[PDB]
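One structure is given below, encoded as structure tokens.
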Amino acid sequence: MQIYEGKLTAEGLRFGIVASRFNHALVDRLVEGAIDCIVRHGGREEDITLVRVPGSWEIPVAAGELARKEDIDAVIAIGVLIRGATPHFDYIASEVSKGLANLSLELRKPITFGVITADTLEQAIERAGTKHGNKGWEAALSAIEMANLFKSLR
Amino acid sequence: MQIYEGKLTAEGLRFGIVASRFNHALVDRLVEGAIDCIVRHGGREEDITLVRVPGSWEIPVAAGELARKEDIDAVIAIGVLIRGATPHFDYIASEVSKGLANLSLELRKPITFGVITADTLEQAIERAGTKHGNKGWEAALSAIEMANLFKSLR
Amino acid sequence: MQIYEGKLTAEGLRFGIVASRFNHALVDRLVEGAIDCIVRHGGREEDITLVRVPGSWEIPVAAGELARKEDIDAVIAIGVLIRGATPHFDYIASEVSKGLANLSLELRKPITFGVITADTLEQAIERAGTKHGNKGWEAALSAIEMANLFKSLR
Amino acid sequence: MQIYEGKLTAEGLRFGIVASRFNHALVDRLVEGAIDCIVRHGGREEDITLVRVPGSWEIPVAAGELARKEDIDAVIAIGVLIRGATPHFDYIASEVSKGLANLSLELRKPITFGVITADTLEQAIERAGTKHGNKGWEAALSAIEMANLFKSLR
Amino acid sequence: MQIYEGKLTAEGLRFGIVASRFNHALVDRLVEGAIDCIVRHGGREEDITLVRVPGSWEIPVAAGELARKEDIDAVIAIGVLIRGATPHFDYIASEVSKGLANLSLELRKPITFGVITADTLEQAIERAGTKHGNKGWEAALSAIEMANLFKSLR
Amino acid sequence: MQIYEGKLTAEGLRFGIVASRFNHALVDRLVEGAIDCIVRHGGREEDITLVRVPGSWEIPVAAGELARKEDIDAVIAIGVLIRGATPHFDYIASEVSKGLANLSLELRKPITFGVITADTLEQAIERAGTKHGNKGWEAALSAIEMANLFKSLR
Amino acid sequence: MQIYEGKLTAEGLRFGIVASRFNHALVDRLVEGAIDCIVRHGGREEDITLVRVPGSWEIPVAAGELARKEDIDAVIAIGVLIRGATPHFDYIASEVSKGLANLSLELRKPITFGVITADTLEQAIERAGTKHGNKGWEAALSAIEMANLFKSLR
Ligand SMILES: O=c1[nH]c(NC[C@H](O)[C@H](O)[C@H](O)CO)c(CCCCCP(=O)(O)O)c(=O)[nH]1
Ligand SMILES: O=c1[nH]c(NC[C@H](O)[C@H](O)[C@H](O)CO)c(CCCCCP(=O)(O)O)c(=O)[nH]1
Ligand SMILES: O=c1[nH]c(NC[C@H](O)[C@H](O)[C@H](O)CO)c(CCCCCP(=O)(O)O)c(=O)[nH]1
Ligand SMILES: O=c1[nH]c(NC[C@H](O)[C@H](O)[C@H](O)CO)c(CCCCCP(=O)(O)O)c(=O)[nH]1
Ligand SMILES: O=c1[nH]c(NC[C@H](O)[C@H](O)[C@H](O)CO)c(CCCCCP(=O)(O)O)c(=O)[nH]1
Ligand SMILES: O=c1[nH]c(NC[C@H](O)[C@H](O)[C@H](O)CO)c(CCCCCP(=O)(O)O)c(=O)[nH]1
Ligand SMILES: O=c1[nH]c(NC[C@H](O)[C@H](O)[C@H](O)CO)c(CCCCCP(=O)(O)O)c(=O)[nH]1
């Protein structure tokens with residue numbers, strides 16, 4: 001059987017992070033986690049490119065530019081959506097996830113999902129460096145694995 | 001670390017606004033907010049191109065034409081959807097959001113979302129220049145930031 | 001500020017109407033409304049091309065052919081979906097709306113939405129020339145505006 | 001006014017049917033209905049190409065191959081989805097309907113929807129040759145009409 | 001009609017920020033927002049003077065010193081009050097707001113209110129960079145506008 | 001950015017404490033806390049001036065005299081108000097807090113708030129050296145910080 | 001400030017794993033996770049020493065022997081305790097945790113805790129490679145970090 005997998009040492013890997021500003025008190029923790037995951041897995045912080053955008057809505061178009069860079073091995077999308085009184089959350093969450101996934105397939109490059117899509121503030125806090133971990137760390141770790149995998153698969 | 005971000009001074013930026021007429025008593029307030037945001041951030045009103053369409057349904061096709069203009073730095077989509085008795089709201093809201101996001105990725109240009117998708121009239125009024133702010137102002141401000149960001153990112 | 005808008009006089013405009021036969025007792029009223037709107041706004045009935053198809057499912061593929069005609073300025077999609085006992089309604093309504101919107105963006109031509117998506121028969125009757133107006137008339141009026149707009153925007 | 005429509009005599013028409021095997025005790029009735037509809041409307045059974053696949057999930061990829069045949073005038077998609085305990089039904093139903101609709105627009109050829117998407121076994125039986133008719137017959141009849149229409153429209 | 005208003009570009013403006021330490025985990029987010037608002041609107045971080053004090057109670061006396069500086073164009077008061085079991089919250093909230101407003105009128109200089117006065121922890125988190133935005137950003141933006149306005153009004 | 005802050009070593013600082021006698025069994029604990037805080041932070045007890053007055057009502061007029069002393073760096077107001085059966089508590093609490101805050105702004109000198117304003121006896125005990133700490137210690141610590149801050153700010 | 005931390009690359013590190021057999025269907029998944037974590041972080045599987053014991057009760061005495069090996073950098077304790085009808089769970093859980101912690105302090109070597117202590121079977125399954133992750137992976141990852149840290153700290 002042929003087996004392909006990615007290891008988790010990030011030496012020489014170069015990452016793009018696209019992080020929105022809406023709910024920044026939480027997003028900022030996700031960004032801390034993603035960078036820490038990269039660095040302590042052997043990646044250099046100098047090999048990270050961070051792009052900030054207003055909201056989750058704007059993440060895909062920026063990610064599309066980062067993912068097209070030949071010297072970016074994977075992109076990590078970071079944002080925090082918390083449902084309000086209207087259906088607005090649904091439409092933004094739907095479009096951010098679809099855009100990112102579509103870009104990954106079109107550009108044949110990993111784009112990992114570190115966007116929290118929570119019903120409540122409490123759920124968002126839980127997933128941004130408290131009791132349920134840090135979604136930025138998770139998405140960074142995934143990006144490390146996928147970039148490594150792609151060294152032999154792509 | 002490389003860091004890219006957009007500032008919020010709008011000097012020299014050129015914007016497209018696509019605004020629907022359904023629910024115009026509210027849309028009109030969103031349009032006032034978007035223009036004011038642009039102007040008081042240093043953008044010239046002369047550098048704004050405003051396109052009117054019948055409903056949110058028609059916003060994407062018009063935005064597609066504006067976004068293709070080489071001298072438009074970003075497009076701001078403005079509309080007001082308020083749920084009625086049928087599922088019709090769902091299908092229009094889904095298509096307007098998908099079209100705009102798809103156009104942004106295909107044309108590699110920011111298109112911001114200033115379309116209210118409310119369950120009730122009250123929710124719509126709240127978001128059109130009353131207690132929950134002005135969604136047109138928010139989407140304009142996002143467009144200013146994204147246009148600036150794109151000056152170095154794109 | 002540059003301002004683009006469509007007027008509502010239909011002189012010289014040429015329209016495609018795609019109308020399904022499922023629920024024809026109601027669709028037929030929508031078709032009457034769309035034609036009347038066009039004619040009494042100055043459009044010639046001879047400049048209308050009417051295409052009939054079995055159900056809403058089939059509307060997109062036919063509209064795709066009409067919208068590709070160089071001598072059609074806009075297409076008006078007309079149909080009546082009424083929810084039954086199963087989720088079938090959801091999947092047809094989703095695909096008809098997505099197809100029409102996608103075609104409009106791909107062909108860069110207005111395609112307006114005059115498809116009723118009702119939960120009940122009563123809701124459908126209300127929107128087909130009774131208490132809530134005539135969705136065909138509404139979609140025709142939108143098509144007139146968009147075709148006019150596109151004379152300067154496209 | 002120019003009027004295009006398809007008649008229902010199937011003489012000389014050639015059809016592709018893609019039929020899944022999941023829930024075959026019902027699918028098989030849909031297949032009987034579709035063939036009967038074609039034959040008794042004047043089509044030759046020899047002009048029917050039947051493709052079998054495992055489940056509704058696999059219907060689109062096979063239909064995509066049939067629809068690309070120059071000597072197939074329309075494709076009829078036949079399957080039976082019945083909701084179980086999980087959301088799995090939703091994702092398969094969503095993808096089968098979207099794939100078929102997308103293929104029809106991309107290949108500019110009619111692909112009709114004879115896939116039952118039922119909440120219960122009873123609903124499925126009702127629509128597979130019992131009290132609510134036969135969805136295969138319905139989709140075949142639609143295909144006849146669309147193929148005829150396309151002789152002048154396409 | 002004579003019309004006076006402030007624009008939102010902060011070039012050359014100099015701001016005083018007085019920030020308390022009680023509830024610092026939240027205040028610190030407010031401070032981040034206020035600085036970011038200033039900087040990305042064109043203000044220089046070097047033109048910001050930040051004064052820290054123990055609690056909201058102490059904000060006025062420090063703001064009084066900052067507002068008296070000839071080279072400070074506006075002061076931004078930042079703090080977080082969260083109601084406890086006693087009426088203590090009421091008396092501190094009343095005195096901080098009255099002191100700041102009184103100082104502004106006496107010194108004829110803008111002092112903006114970025115003090116959260118919440119009944120619950122949750123409300124405070126909402127307003128400190130999560131779902132209800134960032135009160136520091138809001139008060140900074142107000143200070144930019146008022147300083148600009150005062151260039152012609154004062 | 002210019003940053004001003006006060007450290008917490010109290011060497012050379014001179015404090016005024018104004019302490020009321022109503023509820024003295026609790027006030028006395030607040031006074032013990034304030035003195036201890038000052039001394040163990042390096043302040044000399046000889047540099048403390050303690051003024052006693054009958055009730056919280058009388059605290060402001062005495063504090064006004066202490067705050068005017070050139071050799072007093074900050075004043076600490078200490079008292080215990082516990083609500084009784086009438087609104088009397090409200091009027092005394094309102095006037096003590098307003099007087100102290102007003103004096104601080106008028107004399108441009110820190111006056112910290114160590115007056116408990118409790119609804120119940122239990123709440124008062126909690127805040128006077130039991131489970132919720134010692135409000136005198138808190139107000140003393142604030143005074144240390146403010147006096148230090150004022151060495152560079154004033 | 002001096003800062004010590006461990007990175008997460010496991011190159012050259014040597015680990016002891018002590019895994020009990022009670023509830024092995026779950027323990028076995030924890031063991032898979034711990035090994036995978038080690039290997040894909042750069043550790044060699046050959047550098048892992050696995051010791052099996054009957055139950056969680058016996059884990060400490062075996063870990064005590066592994067931790068005393070000069071060529072073991074850290075020990076990972078793996079087990080699954082699920083509460084039954086009696087207090088027995090409490091006493092075993094108390095002694096396993098105390099023994100491991102005591103051994104770590106006495107031998108001045110990291111011993112990480114990958115023992116599930118669940119009230120229900122469901123909770124145990126959740127934490128053994130399903131919805132709440134894999135406690136073996138978590139404890140392995142901790143051991144990598146601690147072993148690295150101890151290269152400079154110990
Ligand atoms: O990342 C985000 N963004 C966001 N809205 C802003 C949006 O992403 C765009 O920036 C904006 O629409 C302009 O394009 C929000 C708010 C979504 C919830 C709206 C609450 P409501 O339904 O009560 O109006 C979020 O939680 N996370
Ligand atoms: O921007 C819009 N548009 C709109 N409908 C018009 C639509 O966008 C098109 O213009 C029309 O369908 C013609 O294409 C509506 C109404 C949607 C709710 C319908 C109520 P109902 O479900 O009770 O029929 C809106 O709220 N905001
Ligand atoms: O325009 C339409 N079409 C339609 N079904 C036919 C469909 O559009 C296709 O023609 C058919 O599937 C063949 O392709 C229907 C019926 C949809 C509701 C089905 C009820 P059920 O869920 O009880 O089975 C409609 O209301 N409006
Ligand atoms: O045509 C189909 N297919 C199908 N599942 C099989 C699927 O289509 C694929 O063949 C399979 O997933 C392999 O690709 C099913 C079962 C769907 C409902 C699943 C029940 P559950 O949610 O209880 O698991 C169906 O009803 N009709
Ligand atoms: O900015 C602040 N300050 C503050 N108290 C400290 C106060 O501002 C002074 O620093 C102190 O009184 C010394 O002067 C608090 C606590 C207020 C609520 C008290 C709870 P309680 O009523 O249960 O005692 C706050 O939330 N935010
Ligand atoms: O510091 C104080 N002072 C005080 N009352 C005395 C007041 O401050 C003056 O000393 C007095 O009014 C004379 O000027 C009180 C009592 C206030 C509550 C009154 C209870 P009642 O409403 O039941 O009459 C206190 O709790 N703490
Ligand atoms: O790792 C373990 N071990 C274990 N019991 C065995 C024990 O660890 C020793 O091996 C045994 O006592 C012999 O020393 C158990 C069972 C504990 C719950 C007992 C159920 P009861 O209270 O219903 O009797 C476990 O869940 N996980």
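All ligand and atom numbering here is 1-based and tracks the order in the structure. Chain naming here is simple, since letters A, B, ... match the order of the sequence lines and numbering starts at 1 in each.
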Going by distance only, is there an N or O of [X] that falls short of 3.5 Å from an N or O of ligand 1?
| X | value |
| --- | --- |
| A/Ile92 | no |
| B/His132 | no |
| A/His88 | no |
| A/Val80 | yes |
| B/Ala139 | no |

Subset of ligand 1 atoms that lie under 4.0 Å from at least one heavy atom of [X]:
| X | answer |
| --- | --- |
| A/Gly55 | 1 (O), 8 (O), 10 (O) |
| A/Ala85 | 21 (P), 22 (O), 23 (O) |
| B/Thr112 | 14 (O) |

Measure the [atom1]-[atom2] distance between [X] and [Y] for me, rounded to the nearest 0.5 Å.
| X | Y | atom1 | atom2 | answer |
| --- | --- | --- | --- | --- |
| E/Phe89 | F/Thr117 | CZ | OG1 | 12.0 Å |
| B/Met146 | A/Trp57 | CE | CH2 | 11.5 Å |
| B/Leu141 | B/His41 | CG | NE2 | 5.0 Å |
| A/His24 | A/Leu30 | NE2 | CG | 12.5 Å |
| E/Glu122 | E/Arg127 | CD | CZ | 9.5 Å |
| D/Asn23 | D/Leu121 | CG | CG | 8.0 Å |

In terms of atom number and element, which parts of ligand 5 are under 4.0 angstrom from non-hydrogen atoms of [X]?
| X | answer |
| --- | --- |
| E/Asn23 | 25 (C), 26 (O), 27 (N) |
| F/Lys135 | 11 (C), 12 (O) |
| E/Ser56 | 1 (O), 2 (C), 3 (N), 8 (O) |

Which is closest to [atom] in terms of heavy atoms, [options]?
| atom | options | value |
| --- | --- | --- |
| atom 13 (C) of ligand 1 | A/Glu58, A/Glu95, A/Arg83 | A/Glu58 |
| atom 8 (O) of ligand 5 | E/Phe89, E/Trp57, E/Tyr91 | E/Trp57 |
| atom 6 (C) of ligand 5 | F/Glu126, F/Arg127, F/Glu145, F/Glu138 | F/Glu138 |

Checking a contact table here: which protein heavy atom is nearest [atom], and how many Å away?
| atom | answer |
| --- | --- |
| atom 22 (O) of ligand 5 | E/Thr86 OG1, 2.6 Å |
| atom 18 (C) of ligand 5 | E/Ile82 O, 3.5 Å |
| atom 25 (C) of ligand 5 | E/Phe22 CD2, 3.3 Å |
| atom 20 (C) of ligand 5 | E/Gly84 CA, 3.6 Å |

- B/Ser142 side chain to B/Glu138 main-chain N or O, any donor-acceptor pair under 3.5 Å? no
- Task: Could you walk me through whether B/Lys135 and A/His88 pass side-chain contact (heavy atoms from CB on, under 4.5 Å), step by step?
- Result: CA-CA 11 Å; B/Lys135 217 211 198 318; A/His88 203 70; 2.9 Å; yes
- Work out which heavy atom in F/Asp73 is nearest to a heavy atom in F/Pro110; give both atom names and the distance.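 Minimum heavy-atom contact is O-CD, 3.8 Å.
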- Message: Tell me whether D/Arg52 at atom CZ has more than 12 heavy atoms from other residues, nucleotides or ligands lying less than 6.0 Å away.
- Response: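 For D/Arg52, atom CZ is not crowded (no more than 12 foreign heavy atoms under 6.0 Å).
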- Message: Tell me the contacting part of B/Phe113 for ligand 1: side chain, backbone, both, or neither, using a 4.0 Å heavy-atom threshold, strictly below.
- Response: both
Just so I know, are the side chains of [X] and [Y] near enough to count as touching, which here means a heavy-atom distance under 4.5 Å?
| X | Y | answer |
| --- | --- | --- |
| B/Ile116 | B/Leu26 | no |
| B/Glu145 | A/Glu58 | no |
| F/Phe113 | F/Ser97 | yes |

- Query: B/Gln123: heavy atom below 4.0 Å from ligand 1, yes or no?
  - Reply: no
- May I ask whether E/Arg21 places a heavy atom under 4.0 Å from ligand 5?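 E/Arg21 does not count as a contact of ligand 5 under the 4.0 Å cut-off.
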